[PDB]
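Trainee: Supplied in structure tokens, the structure appears directly below.
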Amino acid sequence: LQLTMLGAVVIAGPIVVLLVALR
Amino acid sequence: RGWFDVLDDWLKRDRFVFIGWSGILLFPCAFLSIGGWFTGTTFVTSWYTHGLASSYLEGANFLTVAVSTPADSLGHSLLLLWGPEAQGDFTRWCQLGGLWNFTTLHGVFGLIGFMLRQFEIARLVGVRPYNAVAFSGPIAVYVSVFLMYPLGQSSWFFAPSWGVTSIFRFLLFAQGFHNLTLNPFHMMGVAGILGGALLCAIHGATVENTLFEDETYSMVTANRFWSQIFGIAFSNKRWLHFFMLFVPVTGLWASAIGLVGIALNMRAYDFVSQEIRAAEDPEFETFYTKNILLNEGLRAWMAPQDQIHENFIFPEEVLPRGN
Amino acid sequence: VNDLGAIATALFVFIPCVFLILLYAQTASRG
Amino acid sequence: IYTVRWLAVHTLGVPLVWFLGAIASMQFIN
Amino acid sequence: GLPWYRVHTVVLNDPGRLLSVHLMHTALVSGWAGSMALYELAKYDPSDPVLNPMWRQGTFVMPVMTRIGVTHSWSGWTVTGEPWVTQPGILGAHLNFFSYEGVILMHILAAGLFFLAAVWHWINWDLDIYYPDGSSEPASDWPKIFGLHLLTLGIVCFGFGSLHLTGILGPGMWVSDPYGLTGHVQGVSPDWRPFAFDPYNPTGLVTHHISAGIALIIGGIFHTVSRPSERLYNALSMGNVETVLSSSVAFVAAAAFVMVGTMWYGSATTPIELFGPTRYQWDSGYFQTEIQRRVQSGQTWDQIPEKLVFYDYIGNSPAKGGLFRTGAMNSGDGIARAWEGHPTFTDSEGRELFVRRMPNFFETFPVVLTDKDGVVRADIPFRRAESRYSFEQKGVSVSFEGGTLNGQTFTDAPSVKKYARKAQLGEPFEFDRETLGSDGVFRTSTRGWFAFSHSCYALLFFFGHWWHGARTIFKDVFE
Amino acid sequence: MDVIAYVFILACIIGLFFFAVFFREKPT
Amino acid sequence: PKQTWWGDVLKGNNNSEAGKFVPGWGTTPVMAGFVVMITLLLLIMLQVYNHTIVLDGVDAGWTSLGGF
Amino acid sequence: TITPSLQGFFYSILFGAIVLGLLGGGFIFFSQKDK
Amino acid sequence: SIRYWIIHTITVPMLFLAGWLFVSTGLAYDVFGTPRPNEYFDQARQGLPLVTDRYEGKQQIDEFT
Amino acid sequence: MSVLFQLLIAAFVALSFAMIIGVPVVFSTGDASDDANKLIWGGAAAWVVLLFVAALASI
Amino acid sequence: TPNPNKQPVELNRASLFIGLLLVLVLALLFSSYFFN
Ligand code: CL7
Ligand code: CL7
Ligand SMILES: C=Cc1c(C)c2cc3nc(c4c5[nH]c(cc6nc(cc1[nH]2)C(C)=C6CC)c(C)c5C(=O)[C@@H]4C(=O)OC)[C@H](CCC(=O)OC/C=C(/C)CCC[C@H](C)CCC[C@H](C)CCCC(C)C)[C@@H]3C
Ligand SMILES: CCCCCCCCCCCCCCCC(=O)OC[C@H](COP(=O)(O)OC[C@@H](O)CO)OC(=O)CCCCCCCCCCCCCCC
Ligand code: HEM
Ligand SMILES: CC1=CCCC(C)(C)[C@H]1/C=C/C(C)=C/C=C/C(C)=C/C=C/C=C(C)/C=C/C=C(C)/C=C/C1=C(C)CCCC1(C)C
Ligand SMILES: CC1=CCCC(C)(C)[C@H]1/C=C/C(C)=C/C=C/C(C)=C/C=C/C=C(C)/C=C/C=C(C)/C=C\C1=C(C)CCCC1(C)C
């Protein structure tokens with residue numbers, strides 16, 4: 001139930017890292 | 001170069017798909033018709049018009065969902081979302097069956113847009129628009145079945161509800177009440193469709209089996225083969241393909257005239273001499289008479305529930321049976 | 001049955017038939 | 001970047017995805 | 001040579017011979033009008049205007065004549081139920097001449113004259129007018145010719161609306177009561193208030209033909225003067241007559257559809273005294289409601305006007321016929337002679353029940369006598385079956401109000417069954433089949449034949465419009 | 001007499017088949 | 001090419017201005033408005049016939065024959 | 001006098017005008033953009 | 001390629017859940033008038049809610065509702 | 001307008017998350033500044049406007 | 001003065017057979033209803 005939003009935030013963080021990491 | 005020329009050139013510009021002027025009528029109308037059908041099957045039910053569960057929310061199957069027709073009491077009201085019936089209330093519009101009118105009318109205009117589109121494309125490429133004339137048949141079928149038939153009847157309620165099992169119900173209803181199979185125009189329609197399939201099949205097989213070992217196939221061998229196997233053969237290619245075009249379209253038009261006839265109950269329901277001769281003596285029994293009996297039975301056993309609005313009450317005693 | 005049924009059937013059979021035969025004959029006489 | 005094709009693709013996909021979600025939700029209704 | 005389906009293109013480039021074939025077609029059409037009216041007169045029964053009107057008799061053109069004035073015959077009889085009085089006394093009272101036979105004579109004369117003109121124009125195909133000032137190729141200007149024709153038709157439409165329809169200088173038009181009892185040919189007065197858009201109020205028709213007439217006159221004048229526009233002229237190929245053919249065929253198909261709509265749904269143009277009742281007056285119980293209210297309004301049953309009860313028979317519905325059931329309706333259930341009177345049914349307990357009427361759809365119906373409260377009381381079981389709610393087991397008497405069987409009471413089970421079936425067929429009636437060898441199976445009225453034939457015509461003419469539009473737009477390719 | 005009409009139309013059809021098979025103009 | 005009298009009367013209407021058009025759009029814009037106008041008119045009539053629109057005191061049915 | 005049905009028809013003309021205007025405006029504007 | 005992946009990942013599941021919640025929260029029944037599984041009949045209201053009049057259909061449904 | 005209000009807040013969350021992902025990348029790497037700067041500042045402006053609209057749309 | 005626009009009418013044998021087949025088949029189909 002609440003693991004969906006927590007997983008969404010877990011995706012949100014390292015994705016923000018990775019988009020910079022590509023350049 | 002005024003705004004109009006800019007707009008025209010912009011429409012005719014090459015893209016993944018060709019829009020043209022026709023697109024302005026086709027794409028919105030086609031999209032709305034498709035969306036109306038999808039919504040009607042997914043969410044809207046016919047519990048209030050036919051007393052059925054014809055939506056996924058109800059728990060129906062893909063073979064049993066249907067955008068069911070409006071109620072009988074509305075007659076042929078256009079059922080506008082802002083009309084005297086709906087009065088702007090979306091929920092009442094859906095419950096009353098307005099989605100059927102939405103889908104059917106936008107489908108009519110989508111078909112018109114498609115025919116215009118074929119005219120436009122043939123004009124651009126620069127070839128004879130036989131495709132549009134071919135497509136004229138499906139428009140005739142559509143207009144005859146979804147507009148002229150319910151317009152000749154009491155209400156939209158008697159039109160084919162958009163579905164699969166609903167269309168099957170329409171077929172059986174037509175046999176029970178109009179005895180459609182005995183209509184000569186439907187017979188020409190059946191002959192046209194089956195002959196079109198036959199032509200497609202044998203033309204494909206012949207072209208595949210007279211291929212040159214490299215148009216591209218031995219017309220001479222094909223002609224001789226069919227002449228000596230069947231008796232007759234096409235010795236002309238243009239005639240061959242125009243005939244392929246001509247047969248199914250003609251079948252569709254004949255069936256269209258048959259359907260407009262039964263829209264007025266101007267149906268070939270019986271043969272008078274057979275009815276008289278059966279009245280004289282009860283031994284005389286033919287297949288047509290037993291078809292008549294089946295029609296009586298289907299009418300009696302389907303009317304109480306199909307036309308629920310009429311409040312038909314037939315007891316077990318009056319229901320025809322093979323005793 | 002209809003007394004005009006036979007007449008209608010006969011005229012339906014005949015009129016287009018004589019039309020077509022006339023067209024073919026006046027075609028074939030010509031080279 | 002708002003090409004006509006973008007409009008078409010979205011006008012198809014958006015309601016398509018919404019309805020797929022709705023039907024999936026109905027599948028888990030008792 | 002040309003293929004058999006193109007033989008008539010040999011007049012495409014020839015204005016004179018094109019006009020000639022149009023005149024010949026007009027001659028044929030006028031001749032058919034005359035001959036058909038003559039045949040209908042030669043097979044008519046003026047004696048009975050009530051239980052044998054013209055629509056019961058398979059008339060096709062007589063209602064169209066009668067719509068806008070022609071009612072009597074030189075033999076004397078009128079269709080309104082009175083021998084014709086020569087109320088004409090003066091000029092402008094040609095009304096004694098324009099009976100059915102006068103119209104027939106004029107139409108045959110027009111047929112002959114148009115045929116002669118067609119022959120003349122066929123021979124003199126090379127009149128100088130078809131050719132421009134200095135070019136051998138015949139060339140006509142279609143836009144101005146359209147303007148001239150439109151102006152002529154606008155004048156004639158304005159005249160029809162203002163003089164003939166109003167009755168100022170003409171017979172007027174047929175008007176009636178809401179129940180098809182009194183039918184006059186009287187003038188109408190135009191009114192521009194919005195209720196003239198009611199299709200069932202005749203005051204619209206006049207109001208239309210006046211205003212629309214004027215609209216055409218203006219529309220004529222403009223086109224008689226104004227030139228086309230290069231844009232439209234090139235788009236529609238106004239130099240090519242085939243475009244005129246395409247647009248005209250489309251227009252005529254639309255007209256056929258609109259006419260079919262009015263004929264099937266009824267309007268002021270189609271009165272039930274002429275063309276017969278629609279199929280919706282039976283469905284909605286229009287006449288049954290009216291009669292029941294009238295009787296309930298204190299009038300006795302025998303005092304109900306027999307036209308109002310004939311309209312309540314289901315054999316009059318246009319939705320009970322067949323495609324190959326040929327001839328007049330009286331060739332079907334036979335010709336009516338007398339109304340047996342309104343029957344009422346009672347069971348053993350004396351409760352008053354009623355027979356459910358057969359809808360338009362069913363070719364046969366199961367006879368079910370039900371309590372007014374919605375509970376089935378008795379019935380006729382299937383052809384041979386054992387029952388618990390039955391006709392005899394329960395026992396049913398029937399008593400008749402008015403008519404031929406007045407005050408009578410049939411309790412003979414075959415008689416009760418026969419009159420039960422009659423009651424489910426609407427109103428019981430005395431029908432004769434011995435005169436015509438009638439087949440007992442129904443037939444459709446004039447209204448149904450109109451609707452069917454012209455719906456088929458409109459459907460075909462739409463394909464014709466598409467084909468000719470294609471051959472116009474793609475002219476460079478179709479050669 | 002309907003039987004005669006049906007049989008005559010059918011016989012005409014069969015004759016048409018005979019002529020269409022054995023007397024067609026040669027394709028070329 | 002007979003030079004009849006009636007031909008003399010009517011030749012000017014037949015082909016005096018044959019093949020002549022004004023360049024550009026001309027009156028085509030005005031025509032547009034007219035079409036739209038009738039597109040309302042007919043539409044209104046249809047709905048009035050259809051009982052979608054109910055004009056005040058205008059009962060679109062057989063009852064409106066009252067008065068004849 | 002205006003009735004509810006007639007008012008509904010008038011609102012229909014408003015909405016239809018709006019729809020056609022937005023469609024035509026989008027088409028003409030986009031055509032003008034990438035001239 | 002890569003850029004649109006971020007947008008579609010952020011959005012598409014949100015739309016899926018949008019439809020999911022539109023059904024689960026019972027909003028669809030109100031939007032479309034579709035009866036709840038218990039709303040087809042009351043404990044004994046087994047009669048069918050069929051419209052019998054064209055002119056006042058919405059109000060008649062309101063009575064059926 | 002309650003459902004309108006809920007949809008507005010859902011859109012606010014969507015925009016806010018989009019800005020959350022975009023802002024570090026746009027700000028840190030100014031390689032695509034021509035459209036990136038417009039994107040980020042327009043997202044901020046839309047964020048402010050949406051918040052102000054929701055402020056009244058609450059009541 | 002002769003009319004240039006005159007043209008003959010052609011119908012070969014195969015077309016005759018096709019037309020006769022159409023006519024006879026239609027007559028056979030519709031006679032059963034014409035006799036009713
Ligand atoms: C004087 C005012 C006026 C009148 C009264 C009038 N015209 Mg014009 N008018 C014409 C016919 C006409 C007719 C038949 C006619 C009388 O019936 C009239 N006019 C009358 C054409 C010959 C000519 C242009 C022809 C032309 O291109 O017409 C437009 C093209 C088409 C395809 C017509 C559109 C038809 C649709 C396919 C219908 C589809 C129906 C739909 C599926 C469902 C309906 C639903 C319903 C409920 C709403 C013309 C013009 C034109 C003008 C102008 C300014 C006018 N007019 C004006 C008038 C041109 O530019 C222009 C011109 O070039 O003048 C020389
Ligand atoms: C059936 C659909 C259709 C319609 C309704 C239609 N046409 Mg055509 N049509 C023409 C006129 C026409 C007019 C004036 C007209 C409206 O009044 C129509 N059309 C209408 C001519 C200019 C042109 C050549 C005409 C031409 O060659 O006609 C030759 C036809 C012959 C020998 C007999 C055909 C047999 C019919 C079963 C007749 C039965 C009797 C009649 C039904 C009685 C009822 C009267 C009324 C109610 C119908 C033409 C063509 C042609 C075709 C085709 C396929 C059509 N059409 C089709 C239509 C050409 O190839 C062809 C073409 O253009 O190829 C070059
Ligand atoms: C069930 C039968 C049938 C179907 C489904 C069908 C389908 C189609 N035929 C097309 C073409 C053709 N069909 C032709 C001849 C024929 N077509 C026939 C029969 C059919 N043809 C027959 C018998 C013939 C022989 C004469 C020709 C000659 C063509 C074409 O040229 C054309 C093509 O190019 O095909 C590739 C259409 C091209 C796209 C289009 O314009 O869609 C239709 C457009 C619109 C706007 C659809 C609107 C919505 C419709 C009207 C109602 C709603 C339908 C729902 C969305 C789904 C309903 C589901 C059911 C279970 C109820 C489409 C694929
Ligand atoms: C008012 C009075 C009216 C009187 C009646 C008039 C009748 C006119 C003629 C009608 C019939 C015309 C027939 C032309 C016959 C004819 O010549 O066809 C062949 C013809 C060939 O066209 P071409 O341009 O190649 O050559 C033309 C010349 O050969 C003849 O002009 O093509 C067509 O006619 C196209 C339509 C074919 C239609 C038939 C296709 C189906 C055939 C099989 C169907 C029946 C069997 C079914 C089995 C289940
Ligand atoms: C509401 C949610 C959605 C949003 C906000 C969205 C947004 C976008 C954006 C911004 C682009 C441009 C991508 C770029 O060039 O960087 C795009 C393109 C695209 N989107 Fe979506 N999208 C959504 C839903 C969908 C859905 C449901 C589909 C279908 C499964 C889809 C398929 C595509 C495709 C195929 C493209 C490429 C179109 C092209 O470049 O021609 N999107 N979308
Ligand atoms: C394809 C097939 C064969 C092989 C197996 C396999 C499982 C893959 C199977 C696929 C099955 C599946 C899951 C198909 C999913 C299909 C669906 C639901 C597609 C739906 C897309 C939804 C659409 C467009 C809806 C558009 C709605 C519109 C415009 C609404 C229009 C509107 C109406 C109706 C009322 C007025 C207001 C408004 C807005 C104008
Ligand atoms: C010549 C002469 C010059 C000076 C004056 C004078 C009066 C003496 C004059 C003489 C004039 C005369 C007597 C004119 C007579 C004209 C006549 C009778 C014209 C013909 C009308 C008949 C017509 C159209 C035919 C209609 C037949 C059709 C559709 C064919 C098939 C039919 C159709 C498609 C519908 C169903 C019924 C049927 C039969 C299958």
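Starting from 1 in every chain, residues are counted up; chains themselves are A, B, ... following the order of the structure tokens, and ligands are numbered from 1 as listed.
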Could you list, as a list in words, all residues that come within 7 Å of ligand 6? Count only C-alpha atoms and all ligand atoms.

Mentor: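 So the residues close to ligand 6 are residues 31, 32, 34, 35, 36, 38, 39 and 99 of chain B; 12, 15, 16, 19 and 20 of chain D.
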
Trainee: Give me, as a VMD selection string, the set of residues whose atoms come within 8 Å of any atom of ligand 1, counting only C-alpha atoms and all ligand atoms.

Mentor: (chain E and resid 143 146 150 215 to 223 226 to 229 232 to 233 236 247) or (chain G and resid 26 to 32 34 to 35 38 to 44 46)

Trainee: If you count only C-alpha atoms and all ligand atoms, which residues end up within 6 Å of ligand 2, as number ranges by chain?

Mentor: E: 4-9, 249, 460-461, 463-464

Trainee: Go ahead and save the residues from that selection, with N, CA and C atoms, as a PDB file, in the first residue's frame.

Mentor:
```
ATOM      1  N   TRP E   4     -22.695  -0.961 -73.858  1.00  0.00           N
ATOM      2  CA  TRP E   4     -24.135  -0.777 -73.746  1.00  0.00           C
ATOM      3  C   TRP E   4     -24.519   0.178 -72.632  1.00  0.00           C
ATOM      4  N   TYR E   5     -23.648   0.382 -71.651  1.00  0.00           N
ATOM      5  CA  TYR E   5     -23.929   1.259 -70.528  1.00  0.00           C
ATOM      6  C   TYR E   5     -23.433   2.674 -70.750  1.00  0.00           C
ATOM      7  N   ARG E   6     -22.984   3.009 -71.953  1.00  0.00           N
ATOM      8  CA  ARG E   6     -22.568   4.373 -72.243  1.00  0.00           C
ATOM      9  C   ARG E   6     -23.237   4.932 -73.485  1.00  0.00           C
ATOM     10  N   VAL E   7     -24.272   4.269 -73.996  1.00  0.00           N
ATOM     11  CA  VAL E   7     -24.810   4.616 -75.304  1.00  0.00           C
ATOM     12  C   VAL E   7     -25.276   6.055 -75.340  1.00  0.00           C
ATOM     13  N   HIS E   8     -25.704   6.592 -74.208  1.00  0.00           N
ATOM     14  CA  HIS E   8     -26.281   7.923 -74.190  1.00  0.00           C
ATOM     15  C   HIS E   8     -25.250   9.024 -74.082  1.00  0.00           C
ATOM     16  N   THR E   9     -23.964   8.697 -74.027  1.00  0.00           N
ATOM     17  CA  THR E   9     -22.976   9.762 -74.012  1.00  0.00           C
ATOM     18  C   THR E   9     -22.867  10.475 -75.349  1.00  0.00           C
ATOM     19  N   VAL E 249     -28.199  15.133 -59.097  1.00  0.00           N
ATOM     20  CA  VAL E 249     -28.547  13.803 -58.609  1.00  0.00           C
ATOM     21  C   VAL E 249     -28.476  13.760 -57.093  1.00  0.00           C
ATOM     22  N   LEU E 460     -30.341   4.405 -54.161  1.00  0.00           N
ATOM     23  CA  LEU E 460     -29.615   4.221 -55.416  1.00  0.00           C
ATOM     24  C   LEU E 460     -29.050   5.534 -55.937  1.00  0.00           C
ATOM     25  N   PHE E 461     -29.821   6.610 -55.842  1.00  0.00           N
ATOM     26  CA  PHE E 461     -29.357   7.860 -56.409  1.00  0.00           C
ATOM     27  C   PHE E 461     -28.185   8.430 -55.642  1.00  0.00           C
ATOM     28  N   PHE E 463     -25.596   6.530 -54.738  1.00  0.00           N
ATOM     29  CA  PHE E 463     -24.491   5.929 -55.473  1.00  0.00           C
ATOM     30  C   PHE E 463     -24.305   6.615 -56.810  1.00  0.00           C
ATOM     31  N   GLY E 464     -25.406   6.972 -57.458  1.00  0.00           N
ATOM     32  CA  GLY E 464     -25.292   7.699 -58.712  1.00  0.00           C
ATOM     33  C   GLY E 464     -24.580   9.025 -58.546  1.00  0.00           C
TER      34      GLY E 464
END
```

Trainee: Considering only alpha helix (DSSP H) as DSSP defines it on the backbone, what residues of chain G qualify? List them as a ChimeraX atom specification.

Mentor: /G:5-15,28-50

Trainee: Near residue C:1, counting only C-alpha atoms, which residues have an atom at most 7 Å away, once you skip same-chain residues fewer than 5 positions from it, shown as a PyMOL selection string?

Mentor: (chain B and resi 273) or (chain K and resi 35-36)

Trainee: Please provide as a list in words all residues within 12 Å of residue J:51, with the sequence filter that same-chain residues fewer than 4 positions apart are discarded (counting only C-alpha atoms).

Mentor: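 Contacts, in chain order: residues 5, 8, 9, 10, 11, 12, 13, 15, 16, 44, 45, 46, 47, 55, 56, 57 and 58 of chain J.
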
Trainee: Please return, as number ranges by chain, all residues of chain H lying within 7 Å of chain G when only C-alpha atoms are considered.

Mentor: H: 1, 3, 5-6

Trainee: Using only C-alpha atoms and all ligand atoms, which residues of the polymer chains come no farther than 10 Å from ligand 5? I'd like the answer as a ChimeraX atom specification.

Mentor: /D:1-18 /I:1-16 /J:14,18

Trainee: Using only C-alpha atoms and all ligand atoms, find each residue with an atom at most 6 Å away from ligand 4 and format the answer as a list in words.

Mentor: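 Those residues are residues 15 and 16 of chain C; 3 and 4 of chain E; 10, 11, 12, 15, 16, 18, 19, 21, 22 and 25 of chain K.
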
Trainee: Save the residues we just selected, N, CA, C and O atoms, as a CSV table (one decimal), in the first residue's frame?

Mentor:
```csv
chain,number,residue,atom,x,y,z
C,15,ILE,N,-37.6,-9.3,-72.1
C,15,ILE,CA,-37.2,-8.0,-72.6
C,15,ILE,C,-35.7,-7.8,-72.6
C,15,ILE,O,-35.1,-7.4,-73.6
C,16,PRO,N,-35.0,-8.0,-71.4
C,16,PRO,CA,-33.6,-7.9,-71.5
C,16,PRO,C,-32.9,-8.8,-72.4
C,16,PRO,O,-31.9,-8.5,-73.0
E,3,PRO,N,-19.8,0.8,-75.2
E,3,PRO,CA,-20.4,-0.2,-74.4
E,3,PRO,C,-21.9,0.1,-74.1
E,3,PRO,O,-22.3,1.2,-74.1
E,4,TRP,N,-22.7,-1.0,-73.9
E,4,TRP,CA,-24.1,-0.8,-73.7
E,4,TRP,C,-24.5,0.2,-72.6
E,4,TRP,O,-25.6,0.7,-72.7
K,10,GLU,N,-21.4,-1.6,-79.4
K,10,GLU,CA,-20.7,-2.8,-79.5
K,10,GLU,C,-21.1,-3.7,-78.3
K,10,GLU,O,-21.2,-3.3,-77.2
K,11,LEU,N,-21.2,-5.0,-78.6
K,11,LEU,CA,-21.4,-6.0,-77.6
K,11,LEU,C,-20.9,-7.4,-78.1
K,11,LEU,O,-21.6,-7.9,-79.0
K,12,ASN,N,-19.8,-7.9,-77.6
K,12,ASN,CA,-19.3,-9.1,-78.2
K,12,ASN,C,-20.0,-10.3,-77.6
K,12,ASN,O,-20.9,-10.2,-76.8
K,15,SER,N,-19.9,-10.9,-73.7
K,15,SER,CA,-20.8,-10.0,-73.0
K,15,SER,C,-22.2,-10.5,-73.1
K,15,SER,O,-23.0,-10.4,-72.2
K,16,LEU,N,-22.6,-11.0,-74.3
K,16,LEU,CA,-23.9,-11.6,-74.5
K,16,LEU,C,-24.2,-12.7,-73.5
K,16,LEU,O,-25.2,-12.8,-72.9
K,18,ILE,N,-22.7,-13.3,-70.7
K,18,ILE,CA,-22.7,-12.8,-69.3
K,18,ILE,C,-24.1,-12.2,-69.0
K,18,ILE,O,-24.7,-12.4,-68.0
K,19,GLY,N,-24.6,-11.4,-70.0
K,19,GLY,CA,-25.9,-10.7,-69.8
K,19,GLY,C,-27.0,-11.7,-69.7
K,19,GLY,O,-27.9,-11.6,-68.9
K,21,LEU,N,-26.8,-14.8,-68.7
K,21,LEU,CA,-26.7,-15.5,-67.5
K,21,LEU,C,-27.3,-14.6,-66.3
K,21,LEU,O,-28.1,-15.1,-65.5
K,22,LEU,N,-27.0,-13.4,-66.3
K,22,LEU,CA,-27.5,-12.5,-65.3
K,22,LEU,C,-29.0,-12.4,-65.4
K,22,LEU,O,-29.7,-12.6,-64.3
K,25,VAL,N,-30.7,-15.9,-64.4
K,25,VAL,CA,-30.5,-16.2,-63.0
K,25,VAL,C,-31.5,-15.3,-62.1
K,25,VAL,O,-32.1,-15.7,-61.2
```

Trainee: Give the residue list for ligand 3 at 8 Å, counting only C-alpha atoms and all ligand atoms, as number ranges by chain, sorted by chain and then by residue number.

Mentor: B: 26-27, 29-31, 33-38, 66, 103-104, 106-115, 118, 131-138, 142, 161-164, 167, 193, 196, 245, 247-252

Trainee: Got time to write the residues from that selection, C-alpha atoms, as an mmCIF file, in the first residue's frame?

Mentor:
```
data_model
loop_
_atom_site.group_PDB
_atom_site.id
_atom_site.type_symbol
_atom_site.label_atom_id
_atom_site.label_comp_id
_atom_site.auth_asym_id
_atom_site.auth_seq_id
_atom_site.Cartn_x
_atom_site.Cartn_y
_atom_site.Cartn_z
ATOM 1 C CA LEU B 26 -12.676 11.878 -40.483
ATOM 2 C CA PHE B 27 -10.221 11.878 -37.597
ATOM 3 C CA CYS B 29 -15.435 11.780 -35.842
ATOM 4 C CA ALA B 30 -13.749 8.379 -36.090
ATOM 5 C CA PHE B 31 -11.905 8.939 -32.829
ATOM 6 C CA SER B 33 -17.025 7.050 -32.339
ATOM 7 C CA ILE B 34 -14.339 4.626 -31.186
ATOM 8 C CA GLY B 35 -14.058 6.346 -27.823
ATOM 9 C CA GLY B 36 -17.804 6.282 -27.380
ATOM 10 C CA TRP B 37 -17.888 2.550 -27.994
ATOM 11 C CA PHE B 38 -15.007 1.888 -25.614
ATOM 12 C CA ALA B 66 -22.463 -3.839 -25.757
ATOM 13 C CA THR B 103 -21.271 6.383 -31.498
ATOM 14 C CA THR B 104 -23.577 5.825 -34.458
ATOM 15 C CA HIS B 106 -20.022 9.987 -35.328
ATOM 16 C CA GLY B 107 -19.555 6.703 -37.162
ATOM 17 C CA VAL B 108 -21.718 7.943 -40.017
ATOM 18 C CA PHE B 109 -19.607 11.047 -40.334
ATOM 19 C CA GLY B 110 -16.416 9.027 -40.042
ATOM 20 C CA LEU B 111 -17.499 6.838 -42.951
ATOM 21 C CA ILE B 112 -18.348 9.928 -44.983
ATOM 22 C CA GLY B 113 -14.956 11.375 -44.130
ATOM 23 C CA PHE B 114 -13.263 8.168 -45.192
ATOM 24 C CA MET B 115 -14.957 8.125 -48.578
ATOM 25 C CA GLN B 118 -10.244 8.193 -50.727
ATOM 26 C CA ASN B 131 -11.668 2.545 -54.378
ATOM 27 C CA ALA B 132 -14.236 5.155 -53.351
ATOM 28 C CA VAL B 133 -16.913 3.559 -55.521
ATOM 29 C CA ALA B 134 -16.036 0.216 -53.945
ATOM 30 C CA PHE B 135 -16.325 1.716 -50.475
ATOM 31 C CA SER B 136 -19.757 3.044 -51.423
ATOM 32 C CA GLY B 137 -21.111 -0.411 -50.584
ATOM 33 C CA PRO B 138 -20.146 -0.446 -46.909
ATOM 34 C CA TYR B 142 -24.192 1.058 -42.609
ATOM 35 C CA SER B 161 -26.654 -2.580 -30.323
ATOM 36 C CA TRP B 162 -22.918 -2.169 -30.834
ATOM 37 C CA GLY B 163 -21.482 -5.452 -29.654
ATOM 38 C CA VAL B 164 -21.010 -9.100 -30.517
ATOM 39 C CA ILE B 167 -25.436 -8.257 -33.078
ATOM 40 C CA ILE B 193 -20.264 -12.036 -50.508
ATOM 41 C CA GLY B 196 -16.317 -12.392 -53.636
ATOM 42 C CA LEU B 245 -14.384 -5.345 -57.609
ATOM 43 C CA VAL B 247 -19.287 -8.696 -57.325
ATOM 44 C CA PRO B 248 -19.044 -8.025 -53.547
ATOM 45 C CA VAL B 249 -20.115 -4.393 -53.921
ATOM 46 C CA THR B 250 -23.215 -5.463 -55.826
ATOM 47 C CA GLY B 251 -23.983 -8.032 -53.159
ATOM 48 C CA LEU B 252 -23.781 -5.318 -50.526
#
```

Trainee: Would you mind listing the residues within 7 Å of ligand 7, counting only C-alpha atoms and all ligand atoms, as an MDAnalysis selection string?

Mentor: chainID E and resid 28:29 31:32 35 108:109 111:113 115:116
